[PDB]
Amino acid sequence: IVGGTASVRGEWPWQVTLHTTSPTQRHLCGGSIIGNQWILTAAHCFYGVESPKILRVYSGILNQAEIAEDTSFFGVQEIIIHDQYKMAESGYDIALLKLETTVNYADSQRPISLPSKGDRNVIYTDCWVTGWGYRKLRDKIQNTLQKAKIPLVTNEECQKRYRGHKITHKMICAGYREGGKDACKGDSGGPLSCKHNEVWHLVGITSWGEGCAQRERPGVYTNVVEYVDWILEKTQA
Ligand SMILES: *[B@@]1(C2=[C][C]=C([C]([C][N]C([N])=[N])OC(=O)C3=[C][C]=[C]N=[C]3)[C]=[C]2)O[C][C]([C][O])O1
């Protein structure tokens, strides 16, 4: 997260830090708890991941320093990638992680409500992107969970900033026309949370962008509401 600040413990209880143990353990991507056994994240996070066995999900985490060899974690039983996904910039950058065990909710770890199709007309004015990603470019994973408030931008306006891409209705962008605040490497898969009527919604999933926090280069996120049907179908035993 570029241009953000340190988060408060338990402030983003749905945020998880997804790690890979190969070759040696490290943060790989962000993710959001959406069910007692489900994490919603980005599909491009699993490039090269041949098996869910090397994945480890950590919830109720603020600082990466909290994570040690003796720290409890959730194993991944199954990785579910949307069957139409090819690459982040093409859309369909969404994936589900079925945990080997159930998450016991608490103030430090609880789910985030998915957006309702009857909210597409709703205009979010209080959205934040969070993560342990780079603060600058060519940097490194941060210790403390960073947060940054970022206004959404219309797709028509986003399309203007990405003339070489096709910004579909399954994508949603956010950023300041002057840059400065934005998601960056390591923030992938994390949530874009908007607070509407005292309730938090998982509006988007950090997917891609051009560089980090550049002027006239809004971050691009998966438009979660466009996938509630997909999510139901895939999480229904
Ligand atoms: B992801 C991941 C997250 C962010 C980025 C960013 C784009 N973000 C944005 N502007 N909203 O791009 C870079 O940081 C970047 C791009 C090109 C050259 N240098 C840096 C990219 C990727 O987080 C984990 C990673 C795993 O695949 O994906």
# chains A, B, ... in the order shown; residues from 1 in each chain; ligands from 1
>>> residues_around(residues="range 76-88 of chain A", least_positions_apart="3", cutoff="12 Å", atoms="only C-alpha atoms", output="PyMOL selection string")
chain A and resi 18-20+37-47+49-58+73+91-102+165-167+170-171+188-189+205-209+220-222+227+229-231+233-235
>>> select_by_dssp(residues="range 7-164 of chain A", states="alpha helix (DSSP H)", output="ChimeraX atom specification")
/A:155-161
>>> residues_near_ligand(ligand="ligand 1", cutoff="6 Å", atoms="only C-alpha atoms and all ligand atoms", output="PyMOL selection string")
chain A and resi 28-29+44-45+137+182-188+208-213+219-220
>>> write_last_selection(atoms="N, CA, C and O atoms", output="PDB file, in the first residue's frame")
ATOM      1  N   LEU A  28       2.602 -14.030   0.417  1.00  0.00           N
ATOM      2  CA  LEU A  28       2.393 -14.134  -1.018  1.00  0.00           C
ATOM      3  C   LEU A  28       1.302 -13.181  -1.495  1.00  0.00           C
ATOM      4  O   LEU A  28       1.461 -12.474  -2.487  1.00  0.00           O
ATOM      5  N   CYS A  29       0.192 -13.165  -0.772  1.00  0.00           N
ATOM      6  CA  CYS A  29      -0.935 -12.335  -1.148  1.00  0.00           C
ATOM      7  C   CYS A  29      -1.876 -12.056   0.009  1.00  0.00           C
ATOM      8  O   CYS A  29      -1.790 -12.681   1.067  1.00  0.00           O
ATOM      9  N   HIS A  44      -4.562 -14.501  -9.887  1.00  0.00           N
ATOM     10  CA  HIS A  44      -3.172 -14.383 -10.326  1.00  0.00           C
ATOM     11  C   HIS A  44      -2.172 -14.641  -9.197  1.00  0.00           C
ATOM     12  O   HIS A  44      -0.973 -14.760  -9.440  1.00  0.00           O
ATOM     13  N   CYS A  45      -2.658 -14.729  -7.964  1.00  0.00           N
ATOM     14  CA  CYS A  45      -1.781 -15.000  -6.830  1.00  0.00           C
ATOM     15  C   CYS A  45      -1.205 -16.410  -6.893  1.00  0.00           C
ATOM     16  O   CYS A  45      -0.186 -16.704  -6.260  1.00  0.00           O
ATOM     17  N   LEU A 137       7.899   1.632  -4.999  1.00  0.00           N
ATOM     18  CA  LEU A 137       8.113   0.662  -6.057  1.00  0.00           C
ATOM     19  C   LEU A 137       9.426  -0.062  -5.767  1.00  0.00           C
ATOM     20  O   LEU A 137      10.266   0.449  -5.023  1.00  0.00           O
ATOM     21  N   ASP A 182      -2.371   4.036  -3.155  1.00  0.00           N
ATOM     22  CA  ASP A 182      -2.716   2.917  -4.017  1.00  0.00           C
ATOM     23  C   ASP A 182      -2.185   1.573  -3.522  1.00  0.00           C
ATOM     24  O   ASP A 182      -1.351   1.499  -2.621  1.00  0.00           O
ATOM     25  N   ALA A 183      -2.697   0.504  -4.116  1.00  0.00           N
ATOM     26  CA  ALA A 183      -2.253  -0.837  -3.783  1.00  0.00           C
ATOM     27  C   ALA A 183      -0.939  -1.012  -4.543  1.00  0.00           C
ATOM     28  O   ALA A 183      -0.687  -0.300  -5.515  1.00  0.00           O
ATOM     29  N   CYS A 184      -0.093  -1.935  -4.100  1.00  0.00           N
ATOM     30  CA  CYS A 184       1.174  -2.178  -4.778  1.00  0.00           C
ATOM     31  C   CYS A 184       1.567  -3.643  -4.556  1.00  0.00           C
ATOM     32  O   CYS A 184       0.886  -4.353  -3.817  1.00  0.00           O
ATOM     33  N   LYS A 185       2.639  -4.101  -5.201  1.00  0.00           N
ATOM     34  CA  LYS A 185       3.042  -5.508  -5.099  1.00  0.00           C
ATOM     35  C   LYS A 185       2.979  -6.112  -3.697  1.00  0.00           C
ATOM     36  O   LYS A 185       3.626  -5.631  -2.767  1.00  0.00           O
ATOM     37  N   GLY A 186       2.199  -7.184  -3.561  1.00  0.00           N
ATOM     38  CA  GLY A 186       2.047  -7.834  -2.273  1.00  0.00           C
ATOM     39  C   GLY A 186       0.640  -7.623  -1.735  1.00  0.00           C
ATOM     40  O   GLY A 186       0.172  -8.374  -0.873  1.00  0.00           O
ATOM     41  N   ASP A 187      -0.035  -6.600  -2.254  1.00  0.00           N
ATOM     42  CA  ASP A 187      -1.398  -6.285  -1.842  1.00  0.00           C
ATOM     43  C   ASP A 187      -2.437  -7.097  -2.613  1.00  0.00           C
ATOM     44  O   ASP A 187      -3.612  -7.094  -2.251  1.00  0.00           O
ATOM     45  N   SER A 188      -2.001  -7.778  -3.674  1.00  0.00           N
ATOM     46  CA  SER A 188      -2.880  -8.602  -4.516  1.00  0.00           C
ATOM     47  C   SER A 188      -3.772  -9.566  -3.735  1.00  0.00           C
ATOM     48  O   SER A 188      -3.322 -10.192  -2.773  1.00  0.00           O
ATOM     49  N   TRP A 208      -4.829  -5.378 -10.307  1.00  0.00           N
ATOM     50  CA  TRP A 208      -3.712  -4.862 -11.085  1.00  0.00           C
ATOM     51  C   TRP A 208      -3.729  -3.354 -11.276  1.00  0.00           C
ATOM     52  O   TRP A 208      -4.675  -2.671 -10.874  1.00  0.00           O
ATOM     53  N   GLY A 209      -2.668  -2.849 -11.899  1.00  0.00           N
ATOM     54  CA  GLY A 209      -2.534  -1.428 -12.161  1.00  0.00           C
ATOM     55  C   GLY A 209      -1.234  -1.164 -12.898  1.00  0.00           C
ATOM     56  O   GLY A 209      -0.490  -2.099 -13.201  1.00  0.00           O
ATOM     57  N   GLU A 210      -0.956   0.098 -13.199  1.00  0.00           N
ATOM     58  CA  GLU A 210       0.277   0.456 -13.894  1.00  0.00           C
ATOM     59  C   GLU A 210       1.210   1.123 -12.897  1.00  0.00           C
ATOM     60  O   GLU A 210       1.010   2.283 -12.529  1.00  0.00           O
ATOM     61  N   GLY A 211       2.236   0.398 -12.461  1.00  0.00           N
ATOM     62  CA  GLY A 211       3.145   0.955 -11.477  1.00  0.00           C
ATOM     63  C   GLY A 211       2.369   1.064 -10.176  1.00  0.00           C
ATOM     64  O   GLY A 211       1.446   0.285  -9.943  1.00  0.00           O
ATOM     65  N   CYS A 212       2.721   2.024  -9.326  1.00  0.00           N
ATOM     66  CA  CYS A 212       2.011   2.196  -8.063  1.00  0.00           C
ATOM     67  C   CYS A 212       1.791   3.652  -7.701  1.00  0.00           C
ATOM     68  O   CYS A 212       2.741   4.428  -7.607  1.00  0.00           O
ATOM     69  N   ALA A 213       0.523   4.007  -7.510  1.00  0.00           N
ATOM     70  CA  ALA A 213       0.126   5.358  -7.121  1.00  0.00           C
ATOM     71  C   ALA A 213       0.467   6.456  -8.125  1.00  0.00           C
ATOM     72  O   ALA A 213       0.570   7.626  -7.760  1.00  0.00           O
ATOM     73  N   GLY A 219      -6.071   2.214  -9.531  1.00  0.00           N
ATOM     74  CA  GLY A 219      -5.874   0.786  -9.335  1.00  0.00           C
ATOM     75  C   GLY A 219      -7.080   0.036  -9.876  1.00  0.00           C
ATOM     76  O   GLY A 219      -8.197   0.554  -9.858  1.00  0.00           O
ATOM     77  N   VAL A 220      -6.879  -1.175 -10.371  1.00  0.00           N
ATOM     78  CA  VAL A 220      -8.004  -1.927 -10.905  1.00  0.00           C
ATOM     79  C   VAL A 220      -8.324  -3.092  -9.978  1.00  0.00           C
ATOM     80  O   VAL A 220      -7.434  -3.829  -9.559  1.00  0.00           O
TER      81      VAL A 220
END
>>> closest_residue(among="A:2, A:173, A:114, A:8", to="residue 62 in chain A", atoms="only C-alpha atoms")
A:8
>>> closest_residue(among="A:202, A:1, A:34, A:224", to="residue 135 in chain A", atoms="only C-alpha atoms")
A:1
>>> atom_distance(atom1="CA of residue 116 in chain A", atom2="CA of residue 10 in chain A")
24.7 Å
>>> select_by_dssp(residues="range 21-100 of chain A", states="strand (DSSP E)", output="ChimeraX atom specification")
/A:26-35,38-41,55-58,74-81,95-99
